[PDB]
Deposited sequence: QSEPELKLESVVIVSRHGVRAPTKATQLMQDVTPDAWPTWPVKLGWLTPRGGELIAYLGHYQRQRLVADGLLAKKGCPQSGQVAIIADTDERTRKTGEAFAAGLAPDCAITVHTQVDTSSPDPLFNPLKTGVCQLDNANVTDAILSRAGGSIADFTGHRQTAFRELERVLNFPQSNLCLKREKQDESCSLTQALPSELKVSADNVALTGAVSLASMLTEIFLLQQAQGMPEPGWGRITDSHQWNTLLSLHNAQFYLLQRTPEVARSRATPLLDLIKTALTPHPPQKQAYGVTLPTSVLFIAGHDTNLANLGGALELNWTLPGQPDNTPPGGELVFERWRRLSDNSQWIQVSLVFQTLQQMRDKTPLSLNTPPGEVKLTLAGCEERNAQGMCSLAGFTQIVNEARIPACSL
């Protein structure tokens, strides 16, 4: 099998919290540790971790014969697209720096940096709209039938989070007991967005913040109250759970992932090279796309890619990569698509461990669950991939 093309959909790297709310203060007696950069921005450490994945990918791709061992990749051979957020732009820069240091690979973004890019979510620019009644029913059904059913099955994790927070001594509690009841969680479904209020979204946010502390190398994440891998896995199930509901549900995911699906399909299809989105010439050898956890999850649910990540409690971790490869099978020159999730384990983030062929990131081989035409290695034919993308995408959400 000869590797011919690769498209990497990456979450941005380690970032500071996006917000600092009063509710965050009220649910713990302890002080949240401060971060070295503005709200939502990538930390220098964040950048360093992504650059390790770049270095790893270069080694790996050199071994696969796709990129040369010495020198800068030839022009256009590597392309990088990034959302307009500081944190995604800087993730792009960091990945280029690890992959091809001193080659100054351009990090492309949309023309306008101060407005949202619909490639990363077409709902947010009103390219298309969710069907309210359908999405409501679909998400409630995925929750176990109600949001009360959903929190009912996760009581243990909520109580783990309360322990870490010391929620019983918190201001909310002293006035008045439990997160899921003190903060009732409701599904809010609008034309451009689905959201959960209350305990479910607070829990998803706070547990991700603990993970980021750990990954940032902070001395005592969770005020020192998170002391083993079972606790990490337990805490982060609340994050994963909200994403299961709000981002993986196909009635949301398909719409929200549609421009990325078109871009990925374009990048992976043999075709004469041609300047398109962002003035990037496609197809080419490597395309790196720097976005958001939501994007990873939206693709996963649109494409019926399922995973959990061993040693990495967040299913959609900082720098986690959804890797699409086109491989040519030499026996009959047929074309095949492989999909994988490449990620640093939490310990690899915590120890800032340099990545390499002998010390690789974790990796989970995925299967496209709708694919009818599969090879021995679990890859989906190009034609099978193509049909899956065509059925999954929502035309009204295309750019």
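According to the record, C-alpha coordinates are lacking for deposited residues 1-5, 182-187.
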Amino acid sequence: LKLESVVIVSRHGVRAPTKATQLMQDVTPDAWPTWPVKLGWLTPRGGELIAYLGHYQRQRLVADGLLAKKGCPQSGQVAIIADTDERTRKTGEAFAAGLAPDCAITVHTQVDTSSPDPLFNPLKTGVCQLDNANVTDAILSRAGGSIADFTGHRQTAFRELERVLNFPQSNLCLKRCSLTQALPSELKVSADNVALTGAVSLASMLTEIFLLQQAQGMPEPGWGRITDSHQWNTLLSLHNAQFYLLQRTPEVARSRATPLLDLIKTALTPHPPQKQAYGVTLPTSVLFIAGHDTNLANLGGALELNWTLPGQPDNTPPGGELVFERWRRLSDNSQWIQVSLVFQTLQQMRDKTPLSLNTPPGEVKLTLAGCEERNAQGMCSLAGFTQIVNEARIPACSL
From here on, numbers count along this sequence of modelled residues.
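Set 57-65 against 368-376 and average the Cα temperature factors; 368-376 ends up higher.
The PDB entry reports B-factors from which the mean C-alpha value can be compared for 242-250 and 114-122; the larger average falls on 114-122.
Of the candidates 208, 262, 83, 137, it is 137 whose Cα B-factor is highest according to the PDB record. Highest CA B-factor among 309, 187, 257, 323, as stated in the entry: 187. Residue 74: CA B factor in the highest third of modelled residues in this chain (values from the PDB entry). For residue 132, the recorded CA B-factor ranks within the highest third of the chain. Only modelled residues enter the ranking. When the modelled residues of the chain are ordered by C-alpha B-factor, residue 292 sits in the lowest third.
Per-chain ranking of the deposited C-alpha B factor places residue 162 in the middle third. Looking at the C-alpha B-factors along this chain, the one for residue 352 belongs to the middle third.
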